[PDB]
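Beneath this line is the structure, given in structure tokens, with notes to follow.
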Amino acid sequence: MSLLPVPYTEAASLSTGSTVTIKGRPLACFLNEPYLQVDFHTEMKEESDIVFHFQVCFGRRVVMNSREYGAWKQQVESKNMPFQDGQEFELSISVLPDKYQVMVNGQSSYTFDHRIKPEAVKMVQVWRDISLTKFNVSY
Amino acid sequence: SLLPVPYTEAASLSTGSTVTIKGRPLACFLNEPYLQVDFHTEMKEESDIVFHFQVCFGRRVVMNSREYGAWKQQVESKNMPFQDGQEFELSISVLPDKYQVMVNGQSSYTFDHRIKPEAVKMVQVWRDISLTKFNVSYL
């Protein structure tokens, strides 16, 4: 049923001006709290450090963090919830010199200042309770 | 792998029933994949949950019920018999007073009946696992 298989793992490189586009839909109603996770990894292996971790608990909150030297760092939480129950969404993550800008359905929704340089990213993983129709990294 | 996830099946339970689940997490424990098993009062996903069993692999287990649309008293355990990167066998037995949850033959968790197990009409298995076996015993 999901057009693209989930978990979805792709080799990627990022710098200022790069955009990561993700089109998908949660697999459950918001009452059931499905999650979405997007991780920008330093290496191809899943256990590698995470430069940018973006986790949505649909209908509840968004958590952002990094995993450095194998440990989760300072968690950032947002109760901003532009995602709509049972709807397809479009997620756009832009790389700016100082931060990532996260757009949901074309609206500025979240930001996260760079901890690790985006130039250290080698892989992007999209996983948890979503079906996926589109994944793209601009070059 | 052979059974799709989310996996949903019509079911009925009473004393002596066993729900057998064979599967494997989709990620290493460092990435905190989840497993969720919900015993529902109706076929619809938004229905009440008699028994909610949620594993955050390598971290914790949470159990609860959802009654009249609201999550009730959460039960938490840091017991972790699940092994990183391994296939597991989960066996949920229905006893007169509680569910007994066995992992790879070890009695690992228990949950006293809030709603009678006879109210269950559906079982849903979802989140970050591949599923090789699902069975509800009868008679």
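We label chains A, B, ... in the order they appear in the structure tokens, count residues from 1 in each chain, and number ligands from 1 in the order shown.
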
Per-residue nearest contacts chain A to chain B, cut-off 10 Å, using only C-alpha atoms, as JSON lines:
{"residue": "A:1", "atom": "CA", "partner": "B:4", "partner_atom": "CA", "distance": 9.8}
{"residue": "A:6", "atom": "CA", "partner": "B:128", "partner_atom": "CA", "distance": 9.6}
{"residue": "A:7", "atom": "CA", "partner": "B:26", "partner_atom": "CA", "distance": 7.8}
{"residue": "A:27", "atom": "CA", "partner": "B:6", "partner_atom": "CA", "distance": 8.0}
{"residue": "A:28", "atom": "CA", "partner": "B:45", "partner_atom": "CA", "distance": 7.8}
{"residue": "A:29", "atom": "CA", "partner": "B:46", "partner_atom": "CA", "distance": 7.3}
{"residue": "A:30", "atom": "CA", "partner": "B:46", "partner_atom": "CA", "distance": 9.1}
{"residue": "A:31", "atom": "CA", "partner": "B:46", "partner_atom": "CA", "distance": 6.6}
{"residue": "A:32", "atom": "CA", "partner": "B:46", "partner_atom": "CA", "distance": 7.0}
{"residue": "A:34", "atom": "CA", "partner": "B:127", "partner_atom": "CA", "distance": 8.1}
{"residue": "A:35", "atom": "CA", "partner": "B:127", "partner_atom": "CA", "distance": 8.5}
{"residue": "A:39", "atom": "CA", "partner": "B:31", "partner_atom": "CA", "distance": 9.9}
{"residue": "A:46", "atom": "CA", "partner": "B:28", "partner_atom": "CA", "distance": 7.3}
{"residue": "A:47", "atom": "CA", "partner": "B:30", "partner_atom": "CA", "distance": 6.4}
{"residue": "A:48", "atom": "CA", "partner": "B:30", "partner_atom": "CA", "distance": 9.4}
{"residue": "A:50", "atom": "CA", "partner": "B:31", "partner_atom": "CA", "distance": 10.0}
{"residue": "A:67", "atom": "CA", "partner": "B:31", "partner_atom": "CA", "distance": 9.9}
{"residue": "A:70", "atom": "CA", "partner": "B:30", "partner_atom": "CA", "distance": 8.1}
{"residue": "A:71", "atom": "CA", "partner": "B:30", "partner_atom": "CA", "distance": 9.1}
{"residue": "A:72", "atom": "CA", "partner": "B:30", "partner_atom": "CA", "distance": 10.0}
{"residue": "A:127", "atom": "CA", "partner": "B:128", "partner_atom": "CA", "distance": 8.4}
{"residue": "A:128", "atom": "CA", "partner": "B:128", "partner_atom": "CA", "distance": 6.2}
{"residue": "A:129", "atom": "CA", "partner": "B:127", "partner_atom": "CA", "distance": 6.2}
{"residue": "A:130", "atom": "CA", "partner": "B:127", "partner_atom": "CA", "distance": 9.7}

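Residues with any atom within 6 Å of region 82-99 of chain A, counting only C-alpha atoms and excluding same-chain neighbours fewer than 6 positions away, are residues 16, 17, 18, 19, 20, 21, 22, 23, 24, 25, 29, 30, 105, 112, 113 and 114 of chain A.
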
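Between residue 78 (chain B) and the candidates B:135, B:108, B:1, B:17, the tightest atom-to-atom separation, counting only C-alpha atoms, involves B:108.
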
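Remark: for residue 56 (chain B), the closest of the candidate residues B:118, B:32, B:76, B:38 is B:32 (distances computed over only C-alpha atoms).
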
Discussion item. Using only C-alpha atoms, which protein or nucleic acid residues come within 10 Å of residue 120 (chain A)? Drop anything in the same chain fewer than 3 positions from it, and give the result as number ranges by chain.
Written reply: A: 13-15, 40-43, 49-51, 116-117, 123

Preceding selection exported with N, CA, C and O atoms as a PDB file, in the first residue's frame:
ATOM      1  N   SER A  13      23.596  14.227   0.810  1.00  0.00           N
ATOM      2  CA  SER A  13      24.564  15.245   1.208  1.00  0.00           C
ATOM      3  C   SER A  13      23.795  16.566   1.244  1.00  0.00           C
ATOM      4  O   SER A  13      22.884  16.769   0.430  1.00  0.00           O
ATOM      5  N   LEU A  14      24.123  17.423   2.230  1.00  0.00           N
ATOM      6  CA  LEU A  14      23.444  18.687   2.473  1.00  0.00           C
ATOM      7  C   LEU A  14      24.406  19.820   2.674  1.00  0.00           C
ATOM      8  O   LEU A  14      25.474  19.641   3.243  1.00  0.00           O
ATOM      9  N   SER A  15      23.986  21.014   2.270  1.00  0.00           N
ATOM     10  CA  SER A  15      24.705  22.275   2.497  1.00  0.00           C
ATOM     11  C   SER A  15      23.656  23.369   2.415  1.00  0.00           C
ATOM     12  O   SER A  15      22.482  23.065   2.198  1.00  0.00           O
ATOM     13  N   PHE A  40      18.646  12.776  10.206  1.00  0.00           N
ATOM     14  CA  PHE A  40      19.771  13.099   9.323  1.00  0.00           C
ATOM     15  C   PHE A  40      20.987  12.517  10.036  1.00  0.00           C
ATOM     16  O   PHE A  40      21.392  13.011  11.090  1.00  0.00           O
ATOM     17  N   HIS A  41      21.546  11.437   9.481  1.00  0.00           N
ATOM     18  CA  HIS A  41      22.661  10.690  10.045  1.00  0.00           C
ATOM     19  C   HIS A  41      24.037  11.091   9.516  1.00  0.00           C
ATOM     20  O   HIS A  41      24.170  11.483   8.349  1.00  0.00           O
ATOM     21  N   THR A  42      25.081  10.910  10.354  1.00  0.00           N
ATOM     22  CA  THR A  42      26.468  11.213   9.944  1.00  0.00           C
ATOM     23  C   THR A  42      27.076  10.115   9.050  1.00  0.00           C
ATOM     24  O   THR A  42      28.119  10.346   8.433  1.00  0.00           O
ATOM     25  N   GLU A  43      26.510   8.908   9.077  1.00  0.00           N
ATOM     26  CA  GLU A  43      27.024   7.765   8.317  1.00  0.00           C
ATOM     27  C   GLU A  43      25.852   6.923   7.807  1.00  0.00           C
ATOM     28  O   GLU A  43      24.717   7.091   8.253  1.00  0.00           O
ATOM     29  N   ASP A  49      25.657   8.625  14.580  1.00  0.00           N
ATOM     30  CA  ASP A  49      25.176   9.872  15.157  1.00  0.00           C
ATOM     31  C   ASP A  49      24.126  10.535  14.279  1.00  0.00           C
ATOM     32  O   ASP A  49      24.081  10.323  13.063  1.00  0.00           O
ATOM     33  N   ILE A  50      23.242  11.291  14.921  1.00  0.00           N
ATOM     34  CA  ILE A  50      22.161  11.970  14.251  1.00  0.00           C
ATOM     35  C   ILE A  50      22.376  13.469  14.413  1.00  0.00           C
ATOM     36  O   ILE A  50      22.302  13.988  15.519  1.00  0.00           O
ATOM     37  N   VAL A  51      22.604  14.145  13.295  1.00  0.00           N
ATOM     38  CA  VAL A  51      22.800  15.596  13.203  1.00  0.00           C
ATOM     39  C   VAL A  51      21.462  16.293  13.500  1.00  0.00           C
ATOM     40  O   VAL A  51      21.433  17.314  14.177  1.00  0.00           O
ATOM     41  N   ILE A 116      25.731  19.949  14.890  1.00  0.00           N
ATOM     42  CA  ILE A 116      26.748  19.361  14.014  1.00  0.00           C
ATOM     43  C   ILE A 116      26.556  20.054  12.638  1.00  0.00           C
ATOM     44  O   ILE A 116      25.419  20.345  12.278  1.00  0.00           O
ATOM     45  N   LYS A 117      27.638  20.317  11.885  1.00  0.00           N
ATOM     46  CA  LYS A 117      27.507  20.939  10.549  1.00  0.00           C
ATOM     47  C   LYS A 117      26.650  20.055   9.619  1.00  0.00           C
ATOM     48  O   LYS A 117      26.872  18.835   9.586  1.00  0.00           O
ATOM     49  N   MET A 123      23.388  10.459   5.321  1.00  0.00           N
ATOM     50  CA  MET A 123      22.217   9.605   5.149  1.00  0.00           C
ATOM     51  C   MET A 123      20.989  10.204   5.813  1.00  0.00           C
ATOM     52  O   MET A 123      21.089  10.885   6.831  1.00  0.00           O
TER      53      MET A 123
END

Worksheet entry | Non-local contacts of residue 8 (chain B) (8 Å; only C-alpha atoms; under 4 positions in same chain excluded) as a PyMOL selection string | chain B and resi 122-125

Prev. selection, C-alpha atoms, output as a PDB file, in the first residue's frame:
ATOM      1  CA  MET B 122     -10.273  -6.997  17.629  1.00  0.00           C
ATOM      2  CA  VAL B 123      -6.473  -7.176  18.011  1.00  0.00           C
ATOM      3  CA  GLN B 124      -4.088  -4.734  16.365  1.00  0.00           C
ATOM      4  CA  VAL B 125      -0.249  -5.189  16.138  1.00  0.00           C
TER       5      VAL B 125
END

Worksheet item: What's the 7 Å shell around region 87-96 of chain B, counting only C-alpha atoms, without same-chain residues fewer than 5 positions away, as JSON, numbers by chain?
Response: {"B": [14, 15, 16, 17, 18, 19, 20, 21, 22, 23, 24, 82, 101, 102, 103, 104]}

Write the residues of the selection above to a file with C-alpha atoms, as a compact mmCIF listing (two decimals), in the first residue's frame.
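As written to disk, result-v5.txt reads:
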# COMPACT_ATOMS: atom_id res chain seq x y z
CA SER B 14 -11.63 -15.70 27.49
CA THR B 15 -9.70 -17.54 30.25
CA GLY B 16 -7.23 -19.89 28.59
CA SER B 17 -6.84 -17.82 25.37
CA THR B 18 -3.31 -17.08 24.19
CA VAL B 19 -2.20 -14.38 21.69
CA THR B 20 1.12 -15.47 20.06
CA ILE B 21 3.20 -12.86 18.20
CA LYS B 22 6.52 -13.64 16.47
CA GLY B 23 8.45 -10.70 15.10
CA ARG B 24 11.60 -8.64 14.93
CA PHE B 82 13.86 -8.37 24.27
CA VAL B 101 2.93 -11.55 29.09
CA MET B 102 5.75 -13.98 28.26
CA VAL B 103 8.78 -13.00 26.16
CA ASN B 104 10.87 -15.89 24.72

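CA of residue 36 (chain B) is positioned 17.0 Å from CA of residue 121 (chain B).
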
Item to complete: Find the distance between CA of residue 52 (chain A) and CA of residue 136 (chain A) and write it in Å to one decimal.
Response: 16.7 Å

Worksheet entry | Secondary structure check, strand (DSSP E or B) residues of region 47-126 of chain A, as a ChimeraX atom specification | /A:50-57,61-68,71-72,76-78,89-95,99-104,107-113,123-126

Discussion item. Residues within 6 Å of residue 41 (chain B), please, as a PyMOL selection string. Count only C-alpha atoms; anything in the same chain fewer than 3 positions from it doesn't count.
Written reply: chain B and resi 48+119-121

Residues from last step as file, C-alpha atoms, as a PDB file, in the first residue's frame:
ATOM      1  CA  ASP B  48     -11.730   1.538  23.376  1.00  0.00           C
ATOM      2  CA  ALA B 119     -15.351  -7.415  25.604  1.00  0.00           C
ATOM      3  CA  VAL B 120     -12.436  -7.747  23.071  1.00  0.00           C
ATOM      4  CA  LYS B 121     -13.517  -7.932  19.406  1.00  0.00           C
TER       5      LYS B 121
END

Discussion item. With only C-alpha atoms as the counted atoms, please give the residues lying no more than 6 Å from residue 62 (chain A), apart from itself and same-chain residues fewer than 3 positions off, as a ChimeraX atom specification.
Written reply: /A:55-56,77-78

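Distances from B:83, B:64, B:12, B:74 to residue 25 (chain B) were compared using only C-alpha atoms, and the smallest one belongs to B:83.
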
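The residue that comes closest to residue 66 (chain B), out of B:43, B:11, B:115, B:35 and on the basis of only C-alpha atoms, is B:115.
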
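Distance-wise, CA of residue 117 (chain B) and CA of residue 98 (chain B) end up 9.1 Å apart.
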